[PDB]
Structure formats: C-alpha cells, structure tokens
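Shown next as structure tokens: one chain only, the form deposited in one PDB entry.
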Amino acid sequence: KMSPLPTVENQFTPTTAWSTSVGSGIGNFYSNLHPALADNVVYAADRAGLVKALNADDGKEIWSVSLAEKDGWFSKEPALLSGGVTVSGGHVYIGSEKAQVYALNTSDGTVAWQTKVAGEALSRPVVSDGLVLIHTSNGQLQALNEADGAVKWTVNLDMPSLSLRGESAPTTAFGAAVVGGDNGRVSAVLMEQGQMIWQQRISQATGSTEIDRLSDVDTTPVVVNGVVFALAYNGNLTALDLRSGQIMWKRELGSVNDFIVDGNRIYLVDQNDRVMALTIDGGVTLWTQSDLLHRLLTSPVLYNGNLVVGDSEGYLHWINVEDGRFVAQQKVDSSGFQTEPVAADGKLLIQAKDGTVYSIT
C-alpha cells in the first residue's frame, strides 16, 4: 500500500547537525508537541511531562525538568503535554490533555505559573502582546495574562459534536484572534475583551459525515494580505475576506491535512500524502507530486527555498517548489516522524516520535 522510497539524485547533501533525546517522546499517542526556537535555544517536550532547553548549535542541555504528577508508590503519572511548545519573552508555554497550561521560565525551567483552562489544550498556545491564547478542544477561546496566568476572558465558539485530530491554534491579525475548529466555523474575535467580530460557517457540523482514519486536518487559519485561509475539518481549503469573514472560494479537495502559504503559493499535503502547490489568489493547482503516496507525511515546511516533509519511516524529503520534483532525501531516525518540522532563523528542527530532536544540515 505504502509507496516505495523514491530514488533521488541529491542536489545537495543533508546530514544531522546534532540530536538530543527527550524521554520517550509521544510514541504512538496522539500529540501536537513539536520543538520551538528562540535566542539560539531550542525547547522540546514529551507526553510524560519532560521539558528541556537546548543550545541550538550543539543540542546539549541548558536545563531539564519534569511536570509529571504524583501517582502510586513508584511511578509518576504522565502530565500528557499535547500543545506546544511555544516560547515568547522568557516563558515557555505548553498545554496538556488534563486542561492545564504551563508557563516555564526560559532561564532555569521553573514554573512561572500553571492554570486550569476550560478543556484540553491540544494546540500550541499563541502569544499576542501580553496575552496567551488557548483554543480548547471543547470550542472555547481563552486569553490568559502572560504575567500570572489569570484568565482575562473566555469566548464560546460553540461546543463541537466530536473532537477530531488536527491542530487548531488561533492566529492573530490587527487586534483579532482568528480561529477555526471542529465545529465547521471560523471566527474572528477582538483581543481586548473577546468581542465577536464575525463568524462564518465553512462546512456543516461534524459529522455529518463519516470520519476517515487518515483525517488529521490542521484547522489553524493563516492570514495573508486581507485573506483568511482555512481548512474545514472535511479537508477543504477555504478562503475568506478578513474584513467580513465572507467566503471567497472553496476548493472541494476533501482531502487536505496541512498547508502553508509563501509569497504567491500555497503548498499542501493531502490525506493520501500527495503533495501539491497552488496559486494564492485562486487556489488553482500548479503541480502535483504523488511519489510519497501513503508513506506518512508530516506537515510541510519551507527551508532555504525548498519544501521539506518527514514521513513515518524516518526520512525527510526535499522538494523543488517550482516543479514539485525531489531535490534531496535522507534517512534520519527509525521511530519515524509525526509532528511538524520547524523552520526558524536558519535552523531546521524536527522531533521524532521517540522524542528525539534533530537539527538538520
């Protein structure tokens, strides 16, 4: 069923710069944890509650703490960290499946605060000004104060029939949090006191259709020049006018798991692992690349003008953005990849399921 490893003529030569273990990772549990990067430090976590700051250049520990709770005599109970990590201004942020959000200080890795949010936090917390936004699995948006973690406001987007796989972080633009979700809506809320600007139904309520086991739709909206791009939970790409939320168009692809925007292109990965580029204005497909079909792709990322994806066999593949052809390949880990690659400031990070963080070339 799975596609054979494509044969490639590496245009260049990729290697592991370094790699540091992080407990036992996430193994086969559902999680959205991935590495963050700020001021040449790499942060990473695992399901059980382990978190490490790393030196970006060689990945040696700067610090290392556990958030695991008390159990019986001898084990700890897993903290179940799920959304993160996110770092801004000397706090490291993580959400959990126990509906806790943690703020750890960047300096030592101590609890600055810990708050009880309104449902599970499976998506990265998102920082705007002095506000940490949390989209919970039960359709609530909450703004916590950055300093103490007190809940400044709570908004109800309306409780989803089911929760589904897929990140759903909020995104921010011009003083508004824009958020999708499993409810089939996208909403814009003003970040001052959580006032509702608009709400647009982009598909019907889940479900409403059968849920397929390969669905894993990331409903985090992306806002580029006055347009909101958002995947509905059924896999369709939609474009909305940022001002009124009114639907511009809908690409009834029905199969998309992740996409990114850059410049005048949208790049995406569908549920079958077909990769594809489209035009930003109209979302018309320019090329398609199916050689990875049914290997199991992560979401895609842009690094040094190439598209990179990981599969669950432990390879990274580099893809040419103009024609969709393979530029490079690499075997990297054997547990496999699941959560997203990360590209910031000339570093290319990725955490495998066994928990191991890599920095690439």
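In this text, residue numbers run from 1 along the sequence as written. If you superpose the two forms and keep the largest set of C-alpha atoms that fall within 1.5 Å, you have the rigid core.
Another form, the form deposited in another entry, is not on view; read the next lines as being about it.
Core superposition between this form and the one not shown leaves every listed residue (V284, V151, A118, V127) with a C-alpha shift below 2 angstroms except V284. Fitting the two forms on the rigid core leaves the C-alpha of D71 displaced by at least 2 angstroms between this form and the one not shown. Cα of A352 to Cα of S75: at least 3 Å longer in the other entry than in the shown structure. In the other entry, the CA atoms of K116 and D71 come closer by at least 3 angstroms compared with the shown structure.
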